[PDB]
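K.L.:
test case, fold it:
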Amino acid sequence: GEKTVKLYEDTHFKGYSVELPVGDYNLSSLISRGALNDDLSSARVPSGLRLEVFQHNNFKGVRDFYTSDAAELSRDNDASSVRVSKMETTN
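P.N.:
Residues are numbered from 1 along each chain as shown. Please see the structure below:
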């Protein structure tokens, strides 16, 4: 089913989507998959998936949390680190 959250660069879930397993990734980790820390503008996350966006790095203070289909990250082109996990999984 859907045990991972997808990430889109183009609004309206356009372009290419990238999904990752439960875990935390940094700015350098974002590009590792093929996405700049400051470029993502969309992300798919159906019921059963929980993710948290972190504009700043090292978890300074300002943090964001998303648990639904988002067609626009917290800060426009500014996502240092991110978090992905499964709320209640999916069959």
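K.L.:
if I look at the closest residue to residue 76 other than its chain neighbours, how far off is residue 27?
P.N.:
Excluding the flanking residues, the one nearest residue 76 by CB to CB, 6 or more residues apart in numbering is residue 41, at 7.5 Å. (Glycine included, C-beta is placed from N, CA and C.) Look at residue 41 and residue 27: by CB to CB, to the nearest Å, they are 16 Å apart.
K.L.:
so those two - more neighbours on which side?
P.N.:
The neighbour comparison of residue 41 against residue 27 (other CB atoms under 10 Å) goes to residue 41, with 20 against 16.
K.L.:
doesn't residue 7 make contact with that one?
P.N.:
No. Counting by CB atoms under 8 Å, residue 41 stays clear of residue 7, with 9.5 Å between them.
K.L.:
ok so, going back, so how far is residue 53 from the residue nearest to residue 76?
P.N.:
Per CB to CB, residue 41 is found 12 Å from residue 53.
K.L.:
quickly list what's touching both of the two.
P.N.:
Overlap of the contact sets of residue 41 and residue 53 (by CB atoms under 8 Å, 6 or more residues apart in numbering) consists of residue 73.
K.L.:
checking residue 29 next. Helix, strand or coil?
P.N.:
helix (DSSP: H, G, I helix; E, B strand; the rest coil).
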